[PDB]
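Trainee:
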C-alpha cells in the first residue's frame, strides 16, 4: 500500500494526487474596512487595510517586505471576550492551509465550522490565505510566477503585527493540515521559542527518506505545477535536511506536539511520515500525542475534528483558564445529525472508539454509532442499563432506535441489533435477548399478561429464565424460546417441578375449559375449578388420552401425578382416578 503509491509516483503518475485537498472557491463576505496604524513594524511592513466580514472575523491586507510584489491576506478569528475585555491580551493559534490553498480564502473557513468552534474561546486564530504549494517556507528562488518567503513573512512580519496591533501575548500554537502540517513542524524547529505547541493534521513529517522527495515533487507538480528544486534545491541539499520534521524532532523538546493521520495516495504517505515522525520522537525522548484512529468522517470535517481533539492540549500549552476554553468538544457526522434535536444537551466529550464504532457522552445521556446501524442518542435509565452492560461491547450490539413509547403510555423501550431494553417507572430497565423477545412477542409483548421484564435473563438449569410481571420467558438447553404465564407459571416455578417436566416444548394453549402447556417430560393442565397440576408422559397419560384427555370422561387433573410404592403412580381427575400400580393401568371412577 505505502510502496504502491510511492511506486505509482516513480512511474510518473501525478495527475489527481492532490484533488482530495482542492477546496470550493468561496469569496469572503464584504465588510466595514478600517486602516490600523501600527508603530514599530520592520521597513516595508504595514497593514494596508482591515476588512470586518463580522465583528469577530477580520481580514488583514498586509504590505510584506519579504514578499512585496502584491499584498498578503490573513484572516483573524477574534476571541469571545475581544470587546467585553478590551485591555486583555490573548494567545495565537495558527491554522495553516493544505497544498491546494486558493487566494480567495483559507480552506479552514471554506470547508469547516472552525468559525463556530472558536466563537466561544479566548484565543486569536490566525489563518493565512493563499500560497499554493508554498509549504509556508523561504524558497531558494522564484518559480511558476511566484516568489515564496512565507517563513520570513510569518515569523518576522505577521508575528509583530499581531503582537503590536492585535492584543496578542507572545504565546503561540502553530498547526496546519497537509503542507501546513509539515510547515507547522518545520517552522517550530526553526523558531522553537516562538511556539509552545505544534500540530500536524495529515501532514508529511518526512521529506529526506528515500522516495519521499520524488513524492513532494509529484505533490508540487500536481498542486499548480511547481518545482521542488526551486523550493529546497538539489534533492539531498542542506535545505531538505533543514525542512525534515523526523530529523529535527529533537529541537521540539519541552513542547506539546499533536500528530494525526488516516483519513488516498497522499493520506497513505502522510500516515507513513507521521509514524516515522512519532517513532523518531520516542527515540529522541520527546512526548507526542498521536491520532491514527479510524473515523466515519473524512477530509475537511475530519481535520476540524482533529482540531477539536488537539484544542484541549493547545489550551494546556498556552495556559488558558477553564472559563477561556468554552465548550471544548463538538459532534460530527452521523452522531451530529442524530443529536440535532438538542435533546441530548451539551456534549461532555467527542466521538471516542468503542468496539464496533463510536460513542459520545452528553449531559442527558450517551450517543452510539456504527457504519451498519447508524447513530442514536439514548437517555435516562435505559441508557444507564445499556452502559452497565458495556454498550456495544455487550451482546446487545448497537442501538437500532432512540427511546420509544409503548401504546399503554407507561412503557419506554430501545431496540438493538441482538435484543431490546424495556423500562417502566415501577419495573426498571431490563434487556431481553432477541430470541426470547420474539417468544414474548407471540403473546403480544407488554400488551399480553406477561407485561414488562422485572429482571435479567439468568442461568436456569443449562438455559435462561427472565422474570416478567405476568410470568417468565425461557431459553431451552436445545436453544429455543418459550414463555410460561399465570397459574401454570406459579406451578412450573414451584420447588422440584422443573426436575419432573424439564424445559417447555411450546407456549400455553387455551383449550375448552382452561389451558395447558407441553414440557419435555410432561404437561401442566389448569382450569378455574381444578388448578394447575402436572401429568407426566407414560401409561397413565396414554390411557387418559384413549378417553379424550381433559375434553373426555375424566376431565382436568385435580392433583399432581405422584409416586406411591415400587413403580406405583396415581393422578386424580374431576370425574375419576388413573393409577399404574405393579406395572398395570387401573382406571377407577
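In the authors' numbering, the protein residues as written are 49 to 311, 332 to 657.
All C-beta atoms, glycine included, are put in the ideal place defined by N, C-alpha and C.
Candidates 197, 510, 156, 461: which alpha carbon is nearest residue 549's?
Mentor: 510
Trainee: Spatial neighbours of residue 414 within its chain, please: CB distance less than 6 Å, with the 5 preceding and 5 following residues excluded, ordered by chain position.
Mentor: Closer than 6 Å at Cβ, skipping near neighbours: 431.
Trainee: With DSSP as the reference, label residue 351 as helix, strand or coil.
Mentor: When secondary structure is reduced to three states using DSSP, residue 351 falls in the helix class.
Trainee: On the DSSP bridge assignment, give the partners of residue 426 in chain order.
Mentor: For residue 426, which the question treats as bridged, DSSP gives the partners 421, 437.
Trainee: State the Cα-Cα distance for the pair residue 258 and residue 173, rounded to the nearest angstrom.
Mentor: 36 Å
Trainee: Compare the beta carbon distance of residue 581 and residue 621 with 8 Å and say whether it is the shorter of the two.
Mentor: no
Trainee: Indicate the three-state DSSP secondary structure (helix, strand or coil) for residue 393 in the structure shown.
Mentor: helix
Trainee: What would DSSP say about residue 359, mapped onto helix, strand or coil?
Mentor: strand
Trainee: At which residues does the alpha helix (DSSP H) containing residue 274 begin and terminate?
Mentor: In this chain, residue 274 is not harboured by any alpha helix (DSSP H), its DSSP state being neither H nor E.
Trainee: Would you kindly report the start and end of the unbroken alpha helix (DSSP H) that includes residue 453?
Mentor: 448-457
Trainee: For my contact list, residue 573 and residue 562 are in at a C-beta cut-off of 8 Å; report their separation, rounded to the angstrom.
Mentor: Not confirmed; about 19 Å, so no contact.
Trainee: List the endpoints of the continuous alpha helix (DSSP H) containing residue 53.
Mentor: 50-58
Trainee: Reducing DSSP to helix, strand and coil, say where residue 601 ends up.
Mentor: strand
Trainee: Which runs of the beta strand (DSSP E) spanning at least 3 residues fall entirely within the segment 123-195, listed in chain order?
Mentor: 138-144, 172-176
Trainee: Please go through the same chain and pick out, in chain order, the residues whose beta-carbon is closer than 7 Å to the beta-carbon of residue 179, but skip the five residues on each side of it.
Mentor: 149, 196, 198
Trainee: Can you give the Cα-Cα distance for residue 246 and residue 530, rounded to whole angstroms?
Mentor: About 58 Å.
Trainee: Quick check on DSSP: helix, strand or coil for residue 239?
Mentor: Coil at residue 239, not helix or strand.
Trainee: Please report the distance separating the alpha-carbon of residue 222 from that of residue 254.
Mentor: 18 Å
Trainee: Should the segment 383-392 be called in touch with the segment 155-168, which here means at least 3 C-beta pairs below 8 Å?
Mentor: no
Trainee: Going by CA-CA distance only, name the one from 147, 378, 535 that's closest to residue 271.
Mentor: Between residue 271 and the set 147, 378, 535, the nearest pair of CA atoms involves 147.
Trainee: Please return the same chain residues whose Cβ sits closer than 7 Å to the Cβ of residue 565, not counting the five positions on each side in sequence.
Mentor: 559, 602
Trainee: Nearest by alpha-carbon distance to residue 524: which of 465, 498, 507, 515 is it?
Mentor: 498
Trainee: Measure how close the beta-carbons of residue 460 and residue 401 come, nearest whole angstrom, since I'm counting them as under 8 Å.
Mentor: With a Cβ gap of about 17 Å, residue 460 and residue 401 do not count as contacting.
Trainee: Taking just the CA atoms, how far does residue 544 sit from residue 370?
Mentor: 48 Å
Trainee: For residue 416, I'd like the list of residues in its chain whose CB is within less than 8 Å of its CB, leaving aside the five on either flank, ordered along the chain.
Mentor: Same-chain partners within the cutoff: 397, 429, 430, 431.
Trainee: Taking 8 Å as the threshold (C-beta atoms), are residue 68 and residue 334 in contact?
Mentor: The answer is yes: Cβ separation under 8 Å.
Trainee: Tell me whether residue 329 is buried or exposed, calling it buried when 16 or more other Cβ atoms sit within 10 Å of its Cβ.
Mentor: Note on the chain: numbering goes from 311 to 332 directly, and residue 329 within that interval has no coordinates.
Trainee: On a Cα-Cα basis, can you pick out the residue from 533, 650, 571, 522 that is closest to residue 546?
Mentor: 571
Trainee: For residue 625, which beta-bridge partners are listed by DSSP?
Mentor: 641
Trainee: Identify which residue in 403, 450, 418 has its Cα closest to the Cα of residue 438.
Mentor: 403
Trainee: Compute the Euclidean distance between the alpha carbons of residue 386 and residue 139, then round it to the nearest angstrom.
Mentor: 7 Å
Trainee: Quick one: complete alpha helix (DSSP H) runs, 4+ long, within the segment 480-565?
Mentor: 502-510, 554-560
Trainee: Could you tell me which residues DSSP puts in a beta bridge with residue 68?
Mentor: Bridge partners of residue 68: none, in fact.
Trainee: Can you tell which of 533, 502, 552 has the C-alpha that lies nearest to the C-alpha of residue 518?
Mentor: Nearest option by C-alpha distance: 552.
Trainee: Return helix, strand or coil for residue 300, following the three-state DSSP convention.
Mentor: helix
Trainee: Could you tell me which uninterrupted alpha helix (DSSP H) segments, each at least 4 residues in length, are contained entirely in the segment 204-259, listed from first to last along the chain?
Mentor: If we require 4 residues or more, the alpha helix (DSSP H) runs fully inside the segment 204-259 come out as 207-213, 227-238.
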